[PDB]
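Note: ideal-geometry Cβ built from the backbone for every residue, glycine included; neighbour counts use all protein chains shown. Quick note: the coordinates plus some simple rules give every number you see, no bench work behind them.
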Amino acid sequence: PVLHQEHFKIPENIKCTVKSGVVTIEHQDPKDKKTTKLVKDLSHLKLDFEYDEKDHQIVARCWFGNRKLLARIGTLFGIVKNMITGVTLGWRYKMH
RNA sequence: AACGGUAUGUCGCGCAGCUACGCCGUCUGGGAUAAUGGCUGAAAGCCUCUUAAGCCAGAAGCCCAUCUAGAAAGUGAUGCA
């Protein structure tokens with residue numbers, strides 16, 4: 001029984017497109033010339049994603065939600081923050 | 001005597017047939033689950049297997065694969081009529 005939104009600033013030097021709940025993050029290195037691309041279907045967690053070209057930010061919003069559905073705003077930006085570090089620098093897991 | 005009868009003759013061995021006390025087969029990988037263990041991750045700027053979305057691993061159990069029956073599941077392809 002409440003109406004609100006939260007935002008997240010994707011930086012410069014990293015392209016994205018968002019359509020039908022499918023977040024396609026991608027990155028281009030200047031020197032070595034290697035594209036990288038990550039895609040995830042987020043049709044579940046029913047939230048309105050939008051990409052603001054002006055602020056290069058992604059905004060998500062949760063109308064009329066229970067406290068279970070407000071968690072999904074934070075879970076979106078949990079995945080997307082890993083996606084930006086995953087495409088640019090790349091995750092290693094040292095184990096021995 | 002030979003070759004037979006009768007005592008549903010007794011003893012010895014005995015193919016065929018059946019039979020065990022004999023002989024051969026019982027291979028083999030999925031899928032979704034139950035308990036439970038994990039990954040990423042909010043709610044709760046920390047932290048958590050989800051007590052939230054999403055993902056993985058998972059029982060002699062359940063469903064497939066295999067095997068038995070099978071179109072009054074009144075079916076079908078091909079020969080003639």
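Numbers at a glance
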{"item": "Percent of Cα-Cα distances greater than 17 Å, calculated over the range A:34-78", "result": "42 percent"}
{"item": "Folded to 0 to 90 degrees: helix A:67-88 orientation relative to chain A principal axis, Cα", "result": "10 degrees"}
{"item": "The range A:32-60 residues near the modelled A:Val2 label - backbone nitrogen below 19 Å, point 7 Å along Cα→Cβ", "result": "A:46-48, A:60"}
{"item": "Cα-based convex hull volume of the range A:1-90 per residue, rounded to whole Å³", "result": "87 Å³"}
{"item": "Among the listed pairs A:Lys15/A:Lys54; A:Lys19/A:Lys46; A:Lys9/A:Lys40; A:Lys9/A:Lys37; A:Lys31/A:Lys54; A:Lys15/A:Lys40, those beyond 24 Å (Cα-Cα)", "result": "A:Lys31/A:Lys54"}
{"item": "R0 of 30 Å, Cβ-Cβ distance A:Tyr51-A:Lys31: FRET efficiency to nearest 0.05", "result": "0.65"}
{"item": "MRE, 222 nm, helices only [DSSP H, n ≥ 4, -39500 (n - 2.57), over chain A, to nearest 500]", "result": "-8000 deg cm²/dmol"}
